[PDB]
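What follows is a pair of forms of the same protein chain, given separately as structure tokens and numbered structure 1 and structure 2.
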Structure 1
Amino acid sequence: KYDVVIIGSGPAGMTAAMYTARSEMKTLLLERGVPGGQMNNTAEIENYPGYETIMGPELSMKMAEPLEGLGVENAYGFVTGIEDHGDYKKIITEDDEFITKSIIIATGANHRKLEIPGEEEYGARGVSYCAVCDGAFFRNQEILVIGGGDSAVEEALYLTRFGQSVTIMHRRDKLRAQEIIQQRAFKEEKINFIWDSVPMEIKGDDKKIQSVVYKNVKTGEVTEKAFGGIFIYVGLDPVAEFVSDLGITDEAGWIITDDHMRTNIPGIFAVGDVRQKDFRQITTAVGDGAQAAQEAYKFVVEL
């Protein structure tokens, strides 16, 4: 009944959907939230070819805008499962089922947790995984950012608009982030570093975070220091719960594809951050999206 259903309306799904619709495939784009995916949780995007800088939520709106006119059917849906019925597939959401010849899974990734004490307890009250979402609640605080990658370092630089200071705690003595971003953080007077360290406990009073205990990974030295907020950027986990059963994921839960975005299962493709891969960017999300869309057309043409 659908030629293709695309699950998730971040940049990978939005690209796939634009391409399927332009092939005049009967296209459903399901999204549980706001179109844009992780881009809506991004302050400034500097490395999307075509824009010198752009706010994440504006890029999300720009990518979503043409879809309706192209004939993509945009619908609300949280997908809970997928069933392969050979020559068609069924997609189950909270309330609905959809039948389709092909599926492109574009559900992205989610913040990894530290799995330390206080992390759950201070959820709404000093612990955050989204700087653009939460930053302004921390005006004039001493903010802590955990991690050493692109997100941690970029989001620390963003947070310097709000905090008195921002400290980046990284578990080694060399960041992973792109060098241009490292150098910006090195130079920024309001960014401090706690190198070779990991957080052990987040502590607070009845109602908000007050301090963080941490440990040096070369010496075991343990320090407790006062902070007003903690933003955690320690990597990603796959958002692929609805395919756990299907035999298309690796040991960590990422969806395995070949170079044409195909899974094991004919007519089920995956694109973007949800895939097993190393390089998670908007550029490669878009690329993947386009490739899967062409592969889905071909698959359905053959069917």
Structure 2
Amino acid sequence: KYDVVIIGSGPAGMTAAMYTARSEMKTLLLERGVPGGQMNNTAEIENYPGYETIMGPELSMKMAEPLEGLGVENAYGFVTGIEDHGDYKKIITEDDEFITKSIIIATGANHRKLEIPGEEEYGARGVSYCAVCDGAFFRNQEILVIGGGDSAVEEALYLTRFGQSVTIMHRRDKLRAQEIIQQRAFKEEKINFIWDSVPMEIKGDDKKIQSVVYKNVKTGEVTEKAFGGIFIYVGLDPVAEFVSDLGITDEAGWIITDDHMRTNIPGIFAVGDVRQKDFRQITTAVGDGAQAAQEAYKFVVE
């Protein structure tokens, strides 16, 4: 049936579908939630070339709008599995099955949340999950980072280029980050640490964050401190449950591809945040989605 099925309608998948459909490939775009993916949980985006500033859901609409006129068949699907039959592959959703010559997996990643009062309320008003994205908004402020792995500590060091101070709050008494990243953190004076502690409530006014209430997990001692921003790194997971058995993922479950977005399965490509890679952004998601589209064309051709 399909020349190509794209799983996931975030920026990578919409870019790939735009391409494949424009190139007259019979194109299906599957989505279990809402077009735009993680962009839908974003306020101001200032690093997508072409818009000085644009809101996440605005950009989601902009990217989705042309797809139907270009021929993309949009369809609801919560993809649970994929079978390769050589000449074709089968995609299994909760109520359906699709046959296709090629597959572009574009199902993204999930940023684990704190799930404390205030987190949602102040999302893009002080709460963030990405320093490259948002760090710039907090020049000379007191910045709080939550987490103790490579990500928390690396983004903390990055954020010391903006904040007056960066504080790392971790639930244990030492860090899980690599030694070299740790060494950098201990040498940087603008960083300090709050150990054995977890946040309880993110507080502020109607407009922006003003403080964080936190608790020492060993002692029970509760404390409130002023902070102007909170960056959260309590885990980042691939969203690729439906490929777990296919042999195309790494330890943590990221999809391995070559520079051409090809997985080790012929006709199966992956793009965007779901890939094993080190820079997760709209721009790199778009770049990936265009590349995979060209490769899927080529594959379907030969």
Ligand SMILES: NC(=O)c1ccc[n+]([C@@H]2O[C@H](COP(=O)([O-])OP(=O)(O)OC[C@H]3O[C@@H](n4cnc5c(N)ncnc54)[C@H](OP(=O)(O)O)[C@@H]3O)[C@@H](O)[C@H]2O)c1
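What we label the rigid core is the largest C-alpha set whose atoms superpose within 1.5 Å from one form to the other. All residue numbers here follow the sequence of structure 1, with the first residue given the number 1. Only residues modelled in both forms are compared.
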Checklist entry - Is structure 1 or structure 2 the form solved without the ligand? => result 2
Item to check | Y88 grouped with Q183 as one rigid part between structures 1 and 2 | outcome: no
Checklist entry - Rounded to the nearest whole degree, what rotation separates the positions of the smaller rigid part between structures 1 and 2? => result 70
Checklist outcome for this item: Expressed in angstrom, the C-alpha movement of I268 between structures 1 and 2 on a rigid core superposition is 0.1
Next on the checklist: Relative to the superposed core, report the C-alpha shift of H111 between structures 1 and 2 in angstrom.
Outcome noted: 1.9
Checklist outcome for this item: Shift in angstrom of the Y233 C-alpha between structures 1 and 2, rigid core held fixed, comes out at 4.1
Next on the checklist: Where the Cα shift reaches 2 Å or more for at least three residues in a row, which ranges qualify between structures 1 and 2 on a rigid core fit?
Outcome noted: 112-235
